[PDB]
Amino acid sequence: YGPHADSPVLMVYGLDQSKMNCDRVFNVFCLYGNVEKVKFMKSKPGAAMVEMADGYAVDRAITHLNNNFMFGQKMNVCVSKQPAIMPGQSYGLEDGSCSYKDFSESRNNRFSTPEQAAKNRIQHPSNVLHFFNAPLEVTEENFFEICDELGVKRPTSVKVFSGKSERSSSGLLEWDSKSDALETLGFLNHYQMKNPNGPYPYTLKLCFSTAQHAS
């Protein structure tokens, strides 16, 4: 009892399967809860199930993402009739990745304890993304370079926040439209940014901002 959704599994239609894979779905839905599994459906092109940690995550994802547009398609986000995603009958996507993926052990999940969960603000989709965990000396040009690599739209404005006694940078990335930002989110979240000072790339973390501008 508690959440409205009677399953931790949502169904999402309206995905662009020429662009989306399980990682890119996780890149969107991880803003709303822990993502345990994603499975693209054999029966239904452009649709995927997404198992969250619980129903409250489903309620948030539906509330914020239903009827949003991505790649000109209208997304439909609703509770699944299924209580869990089972692995059976998986297939390879065109990019060679599996139609099913388990993300339950991902270090990129953001709701793994209540106190971690609490640090996620309400995530109403907007045209500005907040970025965290970028390299200390990141520049707008760095982001342009990565967006070009990924084949996504460059942000129209980038703001890096001031920081001290901080081992990574954060800031704001703005696009002209909400769909521009959402489209980018799915491609750019968790991008592995170069670390000149240590072995591990910086995992770029994005979420939605309430800021009107990256100014």
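The first residue of the shown sequence is 1; numbering continues from there.
- Legend: mean Cα B-factor per stretch from the PDB entry, 165-173 versus 45-53; the higher mean is in 165-173.
- Between the stretches 153-161 and 61-69, it is 153-161 that shows the larger average CA temperature factor.
- If you compare the C-alpha temperature factors of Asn109, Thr139, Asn76, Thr113 in the entry, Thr139 comes out highest.
- In the PDB entry, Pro8 places in the lowest third of its chain by CA B-factor.
- Placement of the Cα temperature factor of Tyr100 within the chain: lowest third of the modelled residues, per the deposited record.
- Among all modelled residues in its chain, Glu183 ranks in the lowest third by Cα B-factor.
- The entry lists a Cα temperature factor for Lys19 that places it in the middle third of the chain's modelled residues.
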